[PDB]
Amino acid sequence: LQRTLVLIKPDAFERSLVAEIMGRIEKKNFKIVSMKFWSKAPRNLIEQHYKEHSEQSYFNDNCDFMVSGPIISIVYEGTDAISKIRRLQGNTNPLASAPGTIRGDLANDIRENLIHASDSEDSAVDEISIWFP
């Protein structure tokens, strides 16, 4: 049994895909254990969340997008939740994400890509600590 941190990104709100995304996770039998809605996430939590990318060319553009509308931060629990939800999520690059995945079916951009999911046990603990201190 693991916990992972998911963000529903502002493009999901703009495109009315919030329930579509949450539903794919719900249907796989993962359970919500914490959830917060942010009308606009503070820039500082976004920069902390994406700290590994802070020196990347896309960092500022990505943070700008992440504060451009609401987000939901959710902690999901289930056996091997981290890797399983990453598989459901799909590749960042829309030339790579597979049909059947969230990004493969619904996203068409490397930045506006609908959903964040923790990529490891340690990053899940880190991200949970940011959004649910």
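Note that residue numbering follows the sequence shown and begins at 1.
Mean C-alpha B-factor is higher over 37 to 45 than over the other stretch, the pair under comparison being 37 to 45 and 82 to 90. Annotation for 12 to 20 versus 121 to 129: the higher mean temperature factor (C-alpha) is found in 121 to 129. In the deposited coordinates, the residue among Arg103, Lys27, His53, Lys31 with the greatest CA B-factor is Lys31. Split the chain's modelled residues into thirds by C-alpha temperature factor. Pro99 is in the lowest one. Residue-level temperature factors show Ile72 in the lowest third of its chain, judged at the C-alpha atom.
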